[PDB]
Each structure stands twice: as C-alpha cells, then as structure tokens.
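Only one chain is given next, in structure tokens, and it is the form deposited in one PDB entry.
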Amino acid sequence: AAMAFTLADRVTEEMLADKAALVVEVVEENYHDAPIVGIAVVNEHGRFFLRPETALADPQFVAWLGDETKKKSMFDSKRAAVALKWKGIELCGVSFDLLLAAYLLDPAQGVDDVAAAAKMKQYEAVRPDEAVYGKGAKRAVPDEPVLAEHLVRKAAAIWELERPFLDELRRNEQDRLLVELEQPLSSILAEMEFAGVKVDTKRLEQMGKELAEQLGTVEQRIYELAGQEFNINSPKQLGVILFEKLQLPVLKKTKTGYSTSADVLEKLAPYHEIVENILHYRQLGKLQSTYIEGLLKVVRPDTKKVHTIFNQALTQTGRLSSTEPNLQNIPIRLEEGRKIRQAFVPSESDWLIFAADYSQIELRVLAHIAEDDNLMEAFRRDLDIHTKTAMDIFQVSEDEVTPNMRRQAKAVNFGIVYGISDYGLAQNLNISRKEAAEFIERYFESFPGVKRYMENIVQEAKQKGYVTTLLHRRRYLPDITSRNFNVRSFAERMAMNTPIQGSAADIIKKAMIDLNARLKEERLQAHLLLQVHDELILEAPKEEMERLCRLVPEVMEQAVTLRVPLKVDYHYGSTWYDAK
C-alpha cells in the first residue's frame, strides 16, 4: 500500500515546478534555530524526498524557495519559514496553508497536524505526526525510510486537499479571510518571532535577588504566624494550617478540598494576620517563578533575546496565543509586577520601544454591531464609557458617580466584553446572583440595542449553527441546542461574545498587515515585536518616534470603518515599562 516517490540524491528541474505541495519538516516543537529533518515536494511531475543538507545547499532549490512566483501549498508554513530564516534562507510564494485553512473552517477541531486536517475531508492516507514521532521522552525522528514516506504522504495530502478546502472556504465566504488576512499575517508573525525581543538579563537577575530576599522574610513570618513550617505552595498543606490548625472559616470548597484562591483569602484576611502574608507570598512567588526564573530560562544566551512562538491556529475567537515565553501576560496591574517590563528593552542602542493600544475596542465593536444608539453616541462623544454606564444604570448625573459606582459599572462592561455569566458578575462584584441580575437588567434598559443584539445573536446561532465576525471568521456552537441549562447557557454566552472578541481580533490583525505595508512604503526601520490582543508593540530608532506617533495610531484607527470611531492610545520609552 506504500506510496511511490523518488528518494532523490540531488535536486532536479522537475522538482522546481511553479506549483507544488511542500514539506520542510521541523520536528522540535519550538522551531527556533531548530533542525529541518527532511524535505518533500509533490507536484505535477511526481513525488520527491530530499535530504535537507542536500536541498538547502543547492542554489537552484534555494532560489526556487525564495521565488514568489513559484507557488507552494503547505501546512504551518510559519514553522518552515522561521526555521529557514535561522539558516539565512527566505521562503516565498506560499499561496495556501492547510493549517490556517482548517483553523478557519472550524477552530474547535483543534487541527494540529496534516492527518487531523485531512480527516475533515475523509482523507486518511497519512499518519498523525504523533504516531510517527511518538511523544515525550520517546519522541524521535525515525529512520529515513519511515521519515521519507511520512513527509511524502503529508505533501500528497496537502496537494490533494487544497481544492476542497478552498472550495468550502469560498462557500463560507472565508476565502479572502485566508488569502488576504491569515496567510499574510503568518509571514508578519514569522518576522516578529525571528526578530525576538531583547532582555536585560542583569536587570532581571537583580530583581530576582530582591524577590528572593523578600520571599525569605515573608516565608519566615508565615511559619511564625502558623507556629510551624510547611509547604505554602501546597494548597493541601496550606488548607490544613488555615482551616484546621487556625480554624479559619470555609467560605468556598474546591472539587478536591479546601479552596485557597486569592478571592477566598481576601475574605479571610481580617480573621488572621497570616492570610495577608500568604497572599503577598503567592504574589512574589509568582513573579519569581514565572517572570524571572521562567523568563531567564528561555532567553538565548548568545543574543539575550527571547523568541516567542505565536500560535495562530488555536483560539476559538481568532485571537493569537503566545508561548516560550508567553509575552501576552507580562505583569502590569500591580506596580511590583509591572517592573518586570523594565527587562524588555530595544535590540539596538539609541532605539526605543513604542506601544499602541486600542481604547475599548470590544465595546466599540459592540456599539457597531448592535447599533445601539446610546452606546454609539457615547463613543462618538468619546466619553469615559464606565462613568457613562454608571450614570445610566444608576440614573445619576456625572457629578454623582462615586468611585464604587464606576467600579461596578466597569464590572458590568467587563462581563459584556468577555460574556461572563450572571453568576460570574455576582462573583466578581461579590454580590448575590440576584442583585447581579438586577444590574444587567438595568443595563439593558439603558442599552436596548445591545439587549436586542444579544437576543438576536443567540437565535441566529441556533438557526445557522454558528456565529460570525466582521471579517467572516466563524464559530460553531452545537451546544446551543442542549437541554442542559448550564451547557446551553455557556454556548449562548459564546454566541454573544464571539462576534465581539472575534471582530476585535480581525481588526488588529488587519491593522498589523496595513501597518507593515506602511512601514515598508515609508522606508522606516521600525518593526513589530509583539501583539497583545488589543495592542501592538514595536521598536525603532529614536529618530523615528515622531513619525510613528502619527503613523501607527492612524493605521490602526483606519484598519476598518465602523459606525463609531476607533481610538488608539500610544506611548514610547527606553523599556517596555517606560512605554506608558
């Protein structure tokens, strides 16, 4: 049943056709400066397998790779593009990426290999990568015979699946989403990951020492207040000290035992002086383990840069995710954690970090899609939306809005931005589910358009089986018909939240594409470094700041045209921390 192919010892002309399925295999999950273990090409002339050391040293092959007119169909082209960048080789002409195509057709499938994508079209003449390479300690590249056939089978599947995938995307009206948005974005993310972000390791190591000292003190104080020493990091051991030895009350209980979440401890603080210390301990320990030691582990010792990997085909909303390290969750709320950002600096002297973020893009998108007159007017006046929401919900003038009123109005808006449950609102505001319901009801009286939208989107999700975003990204919600209240309610909140969060994702992705085109036209050295959901982080010569101050916000604000303006705030400084 084996698949026929040529295991070539040298590159030939028929291997350089202007249309082909290409496989440039990188087995290591983290593909930065990683090995390319084999190459497979499938075209009109047949199927071929080439040894990397052979193909990558061949002028003809390298030129073919870099020729934008020679079209390649691939799976996860960013992986190959970056692996090639580290070797000084440019990959161009990728006209179809099966991973991105499968992701757009149904992000819930979790397609992470050619076999998974192929199964969507009843194509099974290819093995899952895990079956070929195993997983974990047993992971490894098999002998050439097995490797070669696997790569050729993947290339063959890609070659065969391009047409059906493109046809369904077209039917879904997502063909431009793939070709004009996700694929071009893939190349931009590849440049961003490759460039990396410079880290001041000495700065990180210094704060690391401080934390270590502060942890040691708090750690001791904790054993003193408890009368004994224990593993504070053990929610099991901590529970014993807290709810048994010290007799603190049990307010919430986890599926396995005593709940020691920050929300719980906060309520126990007044009962004993140990609680505040445990909280402070959790905090410092979080920064030390995750943002100091964890970050230092992934910095490249030679360039002192971190090279994250943006997973472009994971989230169900269209947002990107970041790993090794995750640069989308660097502290900022609390000052102590915020200082971690002083560790991220420009890659060159006399360069600066420039950060631009969308102001309330989710609520602006909601005003647009729901066409709520009150909400649209609020943004047209560029009002503080939380203060305004408080004025309406509580029926008071702007002067009458107290800090606590604004805080609660902010929580209601937050719940709308992320589509959290009524139960979630009650929990966040530490009030009763019933009182939370009253707030929500009050909100709908003030924003009837939003109310209308929420009801209409749920019905639409039930009728069509999915909801869509501004640029036609899609999310199937089969649980929307479930007779189980909880499961159904969850699907309903996703129906409400996806067009909002998803459309916000579409916009920033287009802004990134538009921005890169503008930077190139202007011949600026500035370049994108990171994207954190609603913000773009760049670095550039200090001499380009003034131009970026006008260029970046404009490009971001004009990415799309909504019924309300889009607003972008920006700052720049010597470190990421200073770009505030």
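Numbers follow the displayed sequence, beginning with 1. In this text, rigid core is short for the largest set of C-alphas that superpose within 1.5 Å between two forms.
Absent from the display: the form deposited in another entry. The rest refers to it.
Legend entry - Flagged residue of 187, 259, 201, 428 - C-alpha shift reaching 2 Å or more between this form and the one not shown, core superposed: Correct option: 259.
Inset, instruction - Would you tell me if residue 449 moves between this form and the one not shown by 2 Å or more at its C-alpha, with the rigid core held superposed? - result: Residue 449 C-alpha, core-superposed: shift of less than 2 Å.
Legend entry - Exceeds or equals 2 Å, Cα of residue 334 between this form and the one not shown, core fit: Where the cores coincide, residue 334 still shows a C-alpha shift between this form and the one not shown that is 2 Å or more.
Inset, instruction - Would you say whether residue 273 is displaced between this form and the one not shown, judging by a C-alpha shift of 2 Å or more on the superposed rigid core? - result: The answer is yes, as the C-alpha of residue 273 shifts between this form and the one not shown by 2 Å or more after core alignment.
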